[PDB]
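*Asks:* Please read through the structure below; I'll follow up with questions.
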Amino acid sequence: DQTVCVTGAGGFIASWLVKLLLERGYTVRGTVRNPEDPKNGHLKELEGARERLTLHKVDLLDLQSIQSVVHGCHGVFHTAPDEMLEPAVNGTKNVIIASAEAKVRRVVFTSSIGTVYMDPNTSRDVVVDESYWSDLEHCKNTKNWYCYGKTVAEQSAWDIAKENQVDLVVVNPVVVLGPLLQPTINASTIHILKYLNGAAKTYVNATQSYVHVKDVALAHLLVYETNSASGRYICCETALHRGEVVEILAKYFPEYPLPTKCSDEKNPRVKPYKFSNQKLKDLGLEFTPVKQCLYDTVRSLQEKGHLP
(Lines give C-alpha, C1' and ligand atoms only; values in the text may rest on other atoms or scores of the structure.)
Protein backbone atom coordinates (compact mmCIF):
# COMPACT_ATOMS: atom_id res chain seq x y z
CA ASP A 1 0.00 0.00 0.00
CA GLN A 2 2.98 2.35 -0.29
CA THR A 3 3.93 5.40 -2.30
CA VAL A 4 7.56 5.66 -3.43
CA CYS A 5 9.64 8.14 -5.40
CA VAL A 6 11.98 7.14 -8.25
CA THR A 7 14.34 9.81 -9.60
CA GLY A 8 15.38 9.89 -13.26
CA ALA A 9 12.58 7.45 -13.91
CA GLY A 10 13.32 7.09 -17.62
CA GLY A 11 16.88 5.77 -17.36
CA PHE A 12 17.95 2.16 -17.90
CA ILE A 13 17.95 0.89 -14.29
CA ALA A 14 15.18 3.24 -13.13
CA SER A 15 12.68 2.10 -15.77
CA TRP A 16 13.10 -1.52 -14.84
CA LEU A 17 12.79 -0.54 -11.19
CA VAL A 18 9.58 1.38 -11.92
CA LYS A 19 8.29 -1.70 -13.73
CA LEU A 20 9.09 -3.92 -10.76
CA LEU A 21 7.50 -1.51 -8.27
CA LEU A 22 4.31 -1.34 -10.33
CA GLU A 23 4.12 -5.15 -10.44
CA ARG A 24 4.41 -5.34 -6.65
CA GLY A 25 1.48 -2.93 -6.21
CA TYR A 26 3.46 0.18 -5.26
CA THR A 27 2.18 3.59 -6.10
CA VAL A 28 5.01 5.38 -7.91
CA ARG A 29 6.09 8.98 -8.38
CA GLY A 30 8.69 9.00 -11.11
CA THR A 31 10.60 12.26 -11.44
CA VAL A 32 11.81 13.35 -14.89
CA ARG A 33 13.14 16.45 -16.68
CA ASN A 34 10.12 16.64 -19.01
CA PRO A 35 7.14 14.25 -18.59
CA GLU A 36 5.52 14.89 -22.00
CA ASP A 37 8.70 13.88 -23.83
CA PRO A 38 8.82 10.75 -26.07
CA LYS A 39 11.87 9.19 -24.37
CA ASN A 40 9.75 8.82 -21.24
CA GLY A 41 6.73 7.45 -23.08
CA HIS A 42 7.52 3.80 -22.38
CA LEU A 43 6.85 4.25 -18.67
CA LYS A 44 3.17 5.17 -19.15
CA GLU A 45 2.73 1.87 -21.00
CA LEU A 46 3.89 -0.40 -18.17
CA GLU A 47 1.51 -2.82 -16.45
CA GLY A 48 -0.14 -0.86 -13.65
CA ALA A 49 1.16 2.51 -14.78
CA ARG A 50 -2.33 3.83 -15.61
CA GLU A 51 -3.57 3.07 -12.10
CA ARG A 52 -0.46 3.73 -9.98
CA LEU A 53 2.27 5.67 -11.81
CA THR A 54 2.64 9.44 -12.05
CA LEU A 55 5.48 11.34 -13.71
CA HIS A 56 6.57 14.65 -12.28
CA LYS A 57 8.60 17.50 -13.70
CA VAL A 58 11.39 17.83 -11.15
CA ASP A 59 14.65 19.71 -11.07
CA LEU A 60 16.88 18.15 -8.44
CA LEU A 61 18.90 21.37 -8.09
CA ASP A 62 15.72 23.16 -6.95
CA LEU A 63 15.11 21.94 -3.38
CA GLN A 64 11.39 22.85 -3.34
CA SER A 65 10.85 20.97 -6.58
CA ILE A 66 11.98 17.60 -5.24
CA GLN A 67 10.51 18.44 -1.79
CA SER A 68 6.90 18.60 -3.03
CA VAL A 69 7.20 15.27 -4.76
CA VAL A 70 8.96 13.54 -1.84
CA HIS A 71 6.30 14.60 0.74
CA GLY A 72 3.97 11.68 1.30
CA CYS A 73 6.45 9.03 0.16
CA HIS A 74 7.54 6.10 2.32
CA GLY A 75 10.63 5.55 0.24
CA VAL A 76 12.89 7.25 -2.26
CA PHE A 77 14.96 5.54 -4.92
CA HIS A 78 17.61 8.00 -6.10
CA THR A 79 18.98 6.40 -9.27
CA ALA A 80 20.84 9.46 -10.51
CA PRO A 81 32.25 12.84 -15.96
CA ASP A 82 34.38 15.77 -14.64
CA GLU A 83 31.67 18.42 -15.24
CA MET A 84 28.70 16.44 -13.89
CA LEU A 85 30.22 15.90 -10.41
CA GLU A 86 29.23 19.10 -8.56
CA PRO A 87 25.64 19.24 -9.81
CA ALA A 88 25.11 15.49 -9.23
CA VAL A 89 26.34 15.94 -5.65
CA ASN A 90 24.14 18.99 -5.16
CA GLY A 91 21.07 17.13 -6.50
CA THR A 92 21.73 14.13 -4.25
CA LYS A 93 22.08 16.46 -1.29
CA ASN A 94 18.66 17.91 -2.11
CA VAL A 95 17.10 14.47 -2.38
CA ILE A 96 18.48 13.47 1.01
CA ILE A 97 17.54 16.75 2.72
CA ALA A 98 14.04 16.52 1.20
CA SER A 99 13.71 12.93 2.38
CA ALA A 100 14.60 13.93 5.96
CA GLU A 101 11.96 16.69 5.95
CA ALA A 102 9.31 14.41 4.42
CA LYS A 103 10.16 11.75 7.04
CA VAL A 104 10.51 8.91 4.51
CA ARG A 105 11.43 5.54 5.96
CA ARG A 106 14.41 4.90 3.68
CA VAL A 107 16.46 6.23 0.80
CA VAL A 108 18.03 3.82 -1.68
CA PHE A 109 20.93 5.37 -3.60
CA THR A 110 22.21 3.90 -6.83
CA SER A 111 25.98 3.98 -6.90
CA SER A 112 28.50 1.83 -8.71
CA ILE A 113 31.17 -0.86 -8.41
CA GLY A 114 33.49 2.03 -9.32
CA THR A 115 33.36 3.21 -5.71
CA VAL A 116 34.48 -0.14 -4.47
CA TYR A 117 37.54 -1.52 -6.19
CA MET A 118 39.69 1.31 -7.62
CA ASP A 119 42.63 1.16 -5.19
CA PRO A 120 46.21 0.05 -6.09
CA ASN A 121 46.17 -2.20 -3.01
CA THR A 122 43.16 -4.00 -4.45
CA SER A 123 44.37 -6.99 -6.46
CA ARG A 124 42.54 -9.21 -8.95
CA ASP A 125 43.38 -12.12 -6.62
CA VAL A 126 41.51 -11.05 -3.50
CA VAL A 127 37.74 -11.43 -2.98
CA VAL A 128 36.45 -7.85 -2.94
CA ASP A 129 33.44 -7.04 -0.76
CA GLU A 130 31.57 -4.00 0.54
CA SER A 131 34.40 -3.10 2.92
CA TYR A 132 36.60 -1.98 0.02
CA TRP A 133 36.64 1.64 -1.11
CA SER A 134 38.25 3.22 -4.15
CA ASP A 135 41.19 5.61 -3.74
CA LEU A 136 40.29 9.19 -4.70
CA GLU A 137 43.94 10.07 -5.29
CA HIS A 138 44.57 7.02 -7.45
CA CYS A 139 41.44 7.70 -9.50
CA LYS A 140 42.59 11.28 -9.87
CA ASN A 141 46.16 10.26 -10.79
CA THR A 142 44.84 8.09 -13.62
CA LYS A 143 42.18 10.44 -15.07
CA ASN A 144 39.59 7.84 -14.05
CA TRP A 145 36.96 10.55 -13.65
CA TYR A 146 34.09 8.05 -13.61
CA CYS A 147 35.39 6.25 -10.54
CA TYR A 148 36.48 9.48 -8.87
CA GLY A 149 33.09 11.12 -9.29
CA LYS A 150 31.05 8.08 -8.28
CA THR A 151 33.24 7.73 -5.20
CA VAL A 152 32.85 11.40 -4.25
CA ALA A 153 29.07 11.29 -4.83
CA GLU A 154 28.60 8.16 -2.71
CA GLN A 155 30.75 9.52 0.14
CA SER A 156 28.73 12.72 -0.05
CA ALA A 157 25.49 10.70 0.13
CA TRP A 158 26.61 8.87 3.30
CA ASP A 159 27.72 12.10 4.99
CA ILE A 160 24.57 14.03 4.14
CA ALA A 161 22.43 11.05 5.21
CA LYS A 162 24.34 10.80 8.48
CA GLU A 163 24.01 14.53 9.17
CA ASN A 164 20.22 14.27 8.74
CA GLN A 165 19.75 10.87 10.43
CA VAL A 166 18.24 9.52 7.22
CA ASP A 167 18.23 5.76 6.69
CA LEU A 168 20.26 5.39 3.49
CA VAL A 169 21.27 2.18 1.72
CA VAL A 170 23.36 1.88 -1.43
CA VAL A 171 23.46 -0.51 -4.37
CA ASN A 172 26.74 -0.85 -6.30
CA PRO A 173 26.13 -2.47 -9.68
CA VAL A 174 28.78 -3.63 -12.10
CA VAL A 175 28.11 -3.31 -15.86
CA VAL A 176 24.37 -3.65 -16.40
CA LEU A 177 22.98 -5.63 -19.34
CA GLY A 178 19.57 -6.83 -20.45
CA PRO A 179 16.50 -5.97 -22.51
CA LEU A 180 15.85 -2.33 -23.32
CA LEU A 181 12.63 -0.44 -22.62
CA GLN A 182 13.95 2.86 -24.01
CA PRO A 183 16.28 2.96 -27.04
CA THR A 184 19.82 3.83 -25.83
CA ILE A 185 22.24 2.05 -23.42
CA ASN A 186 25.90 1.79 -22.45
CA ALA A 187 29.37 1.39 -23.93
CA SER A 188 29.45 -2.36 -23.31
CA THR A 189 26.23 -2.97 -25.22
CA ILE A 190 27.67 -0.69 -27.87
CA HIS A 191 30.74 -2.91 -28.03
CA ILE A 192 28.47 -5.97 -28.23
CA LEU A 193 26.60 -4.21 -31.02
CA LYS A 194 29.88 -3.53 -32.80
CA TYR A 195 30.75 -7.20 -32.58
CA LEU A 196 27.41 -8.26 -34.04
CA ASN A 197 27.25 -5.69 -36.82
CA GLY A 198 30.75 -6.47 -38.06
CA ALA A 199 32.30 -3.10 -37.18
CA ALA A 200 34.71 -4.78 -34.78
CA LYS A 201 36.67 -7.84 -36.02
CA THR A 202 38.87 -7.90 -32.92
CA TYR A 203 38.23 -7.91 -29.20
CA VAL A 204 40.44 -6.31 -26.55
CA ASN A 205 42.33 -8.04 -23.76
CA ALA A 206 40.04 -6.96 -20.92
CA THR A 207 37.53 -8.39 -18.48
CA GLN A 208 34.31 -7.05 -17.04
CA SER A 209 31.72 -7.97 -14.44
CA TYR A 210 28.10 -8.13 -15.66
CA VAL A 211 24.66 -8.20 -14.03
CA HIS A 212 21.12 -8.43 -15.36
CA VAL A 213 19.17 -5.17 -15.11
CA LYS A 214 16.23 -7.05 -13.59
CA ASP A 215 18.51 -8.24 -10.77
CA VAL A 216 19.65 -4.65 -10.16
CA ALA A 217 16.04 -3.54 -9.82
CA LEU A 218 15.28 -6.46 -7.55
CA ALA A 219 18.32 -5.63 -5.46
CA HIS A 220 16.99 -2.06 -5.08
CA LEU A 221 13.62 -3.24 -3.85
CA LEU A 222 15.07 -5.90 -1.57
CA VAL A 223 17.21 -3.32 0.25
CA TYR A 224 14.22 -1.03 0.59
CA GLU A 225 11.81 -3.74 1.85
CA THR A 226 14.18 -5.56 4.18
CA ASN A 227 14.04 -3.73 7.49
CA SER A 228 17.50 -5.04 8.42
CA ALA A 229 19.23 -3.85 5.22
CA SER A 230 22.19 -1.61 6.00
CA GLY A 231 25.26 -0.27 4.18
CA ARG A 232 26.49 -0.95 0.65
CA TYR A 233 25.43 -3.76 -1.69
CA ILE A 234 27.53 -5.12 -4.52
CA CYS A 235 25.30 -6.16 -7.38
CA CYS A 236 27.19 -8.50 -9.69
CA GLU A 237 26.76 -11.94 -11.24
CA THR A 238 30.11 -13.07 -12.69
CA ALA A 239 32.93 -11.62 -14.75
CA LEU A 240 33.88 -12.45 -18.32
CA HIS A 241 36.83 -11.69 -20.52
CA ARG A 242 35.86 -10.13 -23.88
CA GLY A 243 36.88 -13.38 -25.63
CA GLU A 244 34.44 -15.23 -23.34
CA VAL A 245 31.65 -12.85 -24.36
CA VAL A 246 32.47 -13.56 -28.01
CA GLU A 247 32.36 -17.34 -27.42
CA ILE A 248 28.95 -17.05 -25.77
CA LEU A 249 27.57 -14.99 -28.66
CA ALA A 250 29.03 -17.55 -31.05
CA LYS A 251 27.05 -20.40 -29.45
CA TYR A 252 23.78 -18.45 -29.29
CA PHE A 253 24.10 -16.46 -32.48
CA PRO A 254 26.31 -18.41 -34.94
CA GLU A 255 24.75 -16.62 -37.96
CA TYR A 256 26.12 -13.20 -36.95
CA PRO A 257 29.58 -11.72 -37.55
CA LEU A 258 31.85 -11.59 -34.51
CA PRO A 259 35.47 -10.65 -33.94
CA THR A 260 37.89 -13.36 -35.11
CA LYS A 261 40.73 -12.75 -32.62
CA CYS A 262 42.12 -10.70 -29.71
CA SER A 263 43.85 -7.48 -30.76
CA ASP A 264 46.54 -8.40 -28.24
CA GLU A 265 48.00 -11.88 -28.75
CA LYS A 266 51.43 -11.18 -27.27
CA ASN A 267 50.28 -10.68 -23.66
CA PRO A 268 48.49 -13.17 -21.37
CA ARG A 269 44.71 -12.91 -20.88
CA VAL A 270 43.86 -10.36 -18.20
CA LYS A 271 42.21 -11.93 -15.16
CA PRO A 272 38.95 -10.51 -13.79
CA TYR A 273 38.31 -8.94 -10.41
CA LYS A 274 36.65 -11.20 -7.84
CA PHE A 275 33.58 -9.43 -6.43
CA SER A 276 31.37 -10.85 -3.67
CA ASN A 277 27.60 -10.67 -4.12
CA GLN A 278 27.08 -12.58 -0.88
CA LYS A 279 25.34 -9.66 0.84
CA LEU A 280 22.46 -9.63 -1.69
CA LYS A 281 22.39 -13.45 -1.82
CA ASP A 282 21.89 -13.45 1.96
CA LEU A 283 18.82 -11.22 1.48
CA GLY A 284 17.64 -13.92 -0.91
CA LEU A 285 18.51 -12.53 -4.32
CA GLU A 286 19.06 -15.16 -6.99
CA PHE A 287 21.09 -13.86 -9.90
CA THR A 288 20.38 -14.45 -13.57
CA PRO A 289 23.52 -16.09 -15.05
CA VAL A 290 25.55 -13.87 -17.39
CA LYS A 291 24.87 -16.05 -20.46
CA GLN A 292 21.20 -15.14 -20.14
CA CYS A 293 22.11 -11.45 -19.74
CA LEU A 294 23.94 -11.50 -23.06
CA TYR A 295 21.09 -13.41 -24.70
CA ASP A 296 18.40 -10.92 -23.60
CA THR A 297 20.59 -8.00 -24.60
CA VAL A 298 21.02 -9.25 -28.14
CA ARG A 299 17.32 -10.14 -28.57
CA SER A 300 16.44 -6.64 -27.50
CA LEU A 301 18.92 -5.13 -29.98
CA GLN A 302 17.14 -7.22 -32.64
CA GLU A 303 13.57 -6.39 -31.59
CA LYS A 304 14.38 -2.67 -31.31
CA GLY A 305 16.05 -2.69 -34.74
CA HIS A 306 19.61 -1.77 -33.77
CA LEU A 307 20.73 -5.07 -35.22
CA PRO A 308 20.37 -5.80 -38.97
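Note on naming: chains are A, B, ... as they come in the C-alpha coordinates, residues start from 1 per chain, ligands start from 1 in the order shown.
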Got a sec to tell me which of region 35-234 of chain A DSSP assigns to alpha helix (DSSP H), as number ranges by chain?
*Replies:* A: 49-52, 63-70, 85-102, 136-141, 145-163, 187-196, 213-225
*Asks:* Quick one: distance from CA of residue 36 (chain A) to CA of residue 58 (chain A) in Å, one decimal?
*Replies:*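 Pair CA of residue 36 (chain A) / CA of residue 58 (chain A) returns 12.7 Å.
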*Asks:* Which residues of region 177-223 of chain A sit at most 9 Å from region 249-263 of chain A, using only C-alpha atoms? Give each one's shortest atom pair and distance in Å (one decimal place), in chain and ascending residue order, as JSON lines.
*Replies:*
{"residue": "A:194", "atom": "CA", "partner": "A:258", "partner_atom": "CA", "distance": 8.5}
{"residue": "A:195", "atom": "CA", "partner": "A:258", "partner_atom": "CA", "distance": 4.9}
{"residue": "A:196", "atom": "CA", "partner": "A:257", "partner_atom": "CA", "distance": 5.4}
{"residue": "A:197", "atom": "CA", "partner": "A:257", "partner_atom": "CA", "distance": 6.5}
{"residue": "A:198", "atom": "CA", "partner": "A:257", "partner_atom": "CA", "distance": 5.4}
{"residue": "A:199", "atom": "CA", "partner": "A:259", "partner_atom": "CA", "distance": 8.8}
{"residue": "A:200", "atom": "CA", "partner": "A:259", "partner_atom": "CA", "distance": 6.0}
{"residue": "A:201", "atom": "CA", "partner": "A:259", "partner_atom": "CA", "distance": 3.7}
{"residue": "A:202", "atom": "CA", "partner": "A:259", "partner_atom": "CA", "distance": 4.5}
{"residue": "A:203", "atom": "CA", "partner": "A:262", "partner_atom": "CA", "distance": 4.8}
{"residue": "A:204", "atom": "CA", "partner": "A:263", "partner_atom": "CA", "distance": 5.5}
{"residue": "A:205", "atom": "CA", "partner": "A:262", "partner_atom": "CA", "distance": 6.5}
*Asks:* Save out the residues we just selected, N, CA, C and O atoms, as a PDB file, in the first residue's frame.
*Replies:*
ATOM      1  N   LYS A 194      28.831  -3.671 -31.802  1.00  0.00           N
ATOM      2  CA  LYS A 194      29.878  -3.530 -32.797  1.00  0.00           C
ATOM      3  C   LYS A 194      30.488  -4.879 -33.158  1.00  0.00           C
ATOM      4  O   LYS A 194      31.032  -5.052 -34.247  1.00  0.00           O
ATOM      5  N   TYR A 195      30.410  -5.830 -32.236  1.00  0.00           N
ATOM      6  CA  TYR A 195      30.748  -7.203 -32.576  1.00  0.00           C
ATOM      7  C   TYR A 195      29.757  -7.708 -33.637  1.00  0.00           C
ATOM      8  O   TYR A 195      30.149  -8.190 -34.707  1.00  0.00           O
ATOM      9  N   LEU A 196      28.474  -7.577 -33.320  1.00  0.00           N
ATOM     10  CA  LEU A 196      27.413  -8.263 -34.044  1.00  0.00           C
ATOM     11  C   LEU A 196      27.043  -7.584 -35.351  1.00  0.00           C
ATOM     12  O   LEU A 196      26.350  -8.169 -36.174  1.00  0.00           O
ATOM     13  N   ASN A 197      27.513  -6.362 -35.556  1.00  0.00           N
ATOM     14  CA  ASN A 197      27.248  -5.693 -36.821  1.00  0.00           C
ATOM     15  C   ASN A 197      28.474  -5.698 -37.723  1.00  0.00           C
ATOM     16  O   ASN A 197      28.447  -5.144 -38.812  1.00  0.00           O
ATOM     17  N   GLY A 198      29.552  -6.318 -37.256  1.00  0.00           N
ATOM     18  CA  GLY A 198      30.753  -6.466 -38.064  1.00  0.00           C
ATOM     19  C   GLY A 198      31.703  -5.277 -38.074  1.00  0.00           C
ATOM     20  O   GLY A 198      32.672  -5.271 -38.827  1.00  0.00           O
ATOM     21  N   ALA A 199      31.440  -4.272 -37.239  1.00  0.00           N
ATOM     22  CA  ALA A 199      32.304  -3.096 -37.177  1.00  0.00           C
ATOM     23  C   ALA A 199      33.606  -3.435 -36.468  1.00  0.00           C
ATOM     24  O   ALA A 199      34.646  -2.857 -36.758  1.00  0.00           O
ATOM     25  N   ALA A 200      33.541  -4.383 -35.542  1.00  0.00           N
ATOM     26  CA  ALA A 200      34.715  -4.782 -34.780  1.00  0.00           C
ATOM     27  C   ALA A 200      35.076  -6.257 -35.009  1.00  0.00           C
ATOM     28  O   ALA A 200      34.376  -7.147 -34.532  1.00  0.00           O
ATOM     29  N   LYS A 201      36.172  -6.494 -35.732  1.00  0.00           N
ATOM     30  CA  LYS A 201      36.669  -7.838 -36.023  1.00  0.00           C
ATOM     31  C   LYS A 201      37.728  -8.299 -35.018  1.00  0.00           C
ATOM     32  O   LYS A 201      38.246  -9.409 -35.121  1.00  0.00           O
ATOM     33  N   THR A 202      38.071  -7.450 -34.057  1.00  0.00           N
ATOM     34  CA  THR A 202      38.869  -7.904 -32.921  1.00  0.00           C
ATOM     35  C   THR A 202      38.199  -7.558 -31.601  1.00  0.00           C
ATOM     36  O   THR A 202      37.249  -6.764 -31.543  1.00  0.00           O
ATOM     37  N   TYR A 203      38.699  -8.177 -30.542  1.00  0.00           N
ATOM     38  CA  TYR A 203      38.234  -7.906 -29.202  1.00  0.00           C
ATOM     39  C   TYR A 203      39.455  -7.610 -28.339  1.00  0.00           C
ATOM     40  O   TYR A 203      40.525  -8.171 -28.575  1.00  0.00           O
ATOM     41  N   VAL A 204      39.304  -6.723 -27.357  1.00  0.00           N
ATOM     42  CA  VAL A 204      40.439  -6.306 -26.548  1.00  0.00           C
ATOM     43  C   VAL A 204      40.741  -7.289 -25.418  1.00  0.00           C
ATOM     44  O   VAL A 204      39.915  -8.127 -25.052  1.00  0.00           O
ATOM     45  N   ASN A 205      41.941  -7.190 -24.871  1.00  0.00           N
ATOM     46  CA  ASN A 205      42.332  -8.038 -23.759  1.00  0.00           C
ATOM     47  C   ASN A 205      41.901  -7.378 -22.455  1.00  0.00           C
ATOM     48  O   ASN A 205      42.707  -6.742 -21.766  1.00  0.00           O
TER      49      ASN A 205
END
*Asks:* Quick one: pick out all strand (DSSP E or B) residues within region 24-242 of chain A from a backbone DSSP run and write them as a count of residues only.
*Replies:* 48
*Asks:* Excluding same-chain residues fewer than 4 positions from residue 106 (chain A), what lies within 6 Å of it counting only C-alpha atoms, as a list in words?
*Replies:* residues 75, 167 and 168 of chain A
*Asks:* Quick one: everything within 9 Å of residue 238 (chain A), counting only C-alpha atoms, minus sequence neighbours fewer than 3 positions away in the same chain. Send it as a CSV table (one decimal) with N, CA, C and O atoms, in the first residue's frame.
*Replies:*
chain,number,residue,atom,x,y,z
A,208,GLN,N,35.4,-7.9,-17.5
A,208,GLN,CA,34.3,-7.1,-17.0
A,208,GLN,C,33.3,-7.9,-16.2
A,208,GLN,O,33.1,-9.1,-16.5
A,209,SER,N,32.8,-7.3,-15.2
A,209,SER,CA,31.7,-8.0,-14.4
A,209,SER,C,30.4,-7.5,-14.9
A,209,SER,O,30.1,-6.3,-15.1
A,210,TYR,N,29.4,-8.4,-15.2
A,210,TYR,CA,28.1,-8.1,-15.7
A,210,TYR,C,27.0,-8.5,-14.7
A,210,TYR,O,27.2,-9.3,-13.8
A,211,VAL,N,25.8,-7.9,-14.8
A,211,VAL,CA,24.7,-8.2,-14.0
A,211,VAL,C,23.4,-7.9,-14.8
A,211,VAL,O,23.3,-6.8,-15.5
A,274,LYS,N,37.6,-10.3,-8.6
A,274,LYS,CA,36.6,-11.2,-7.8
A,274,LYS,C,35.8,-10.4,-6.9
A,274,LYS,O,36.2,-9.9,-5.8
A,275,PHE,N,34.5,-10.2,-7.3
A,275,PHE,CA,33.6,-9.4,-6.4
A,275,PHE,C,32.6,-10.4,-5.7
A,275,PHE,O,32.1,-11.3,-6.3
A,289,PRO,N,22.2,-15.8,-14.5
A,289,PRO,CA,23.5,-16.1,-15.0
A,289,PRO,C,23.9,-15.2,-16.2
A,289,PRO,O,23.0,-14.8,-16.9
A,290,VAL,N,25.2,-14.8,-16.4
A,290,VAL,CA,25.6,-13.9,-17.4
A,290,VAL,C,25.2,-14.3,-18.8
A,290,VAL,O,24.9,-13.4,-19.6
*Asks:* Tell me which of A:51, A:37, A:137, A:59 sits closest to residue 7 (chain A), counting only C-alpha atoms.
*Replies:* A:59
*Asks:* Show me, as a Markdown table, the residues of region 41-86 of chain A having an atom within 10 Å of region 169-189 of chain A, each with the closest atom pair and its distance in Å, using only C-alpha atoms.
*Replies:*
| residue | atom | partner | partner_atom | distance |
| --- | --- | --- | --- | --- |
| A:41 | CA | A:182 | CA | 8.6 |
| A:42 | CA | A:181 | CA | 6.6 |
| A:43 | CA | A:181 | CA | 8.4 |
| A:46 | CA | A:181 | CA | 9.8 |
| A:77 | CA | A:169 | CA | 9.8 |
| A:78 | CA | A:170 | CA | 9.6 |
| A:79 | CA | A:171 | CA | 9.6 |
*Asks:* What is the distance between CA of residue 1 (chain A) and CA of residue 288 (chain A), in Å to one decimal?
*Replies:*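 The value is 28.4 Å.
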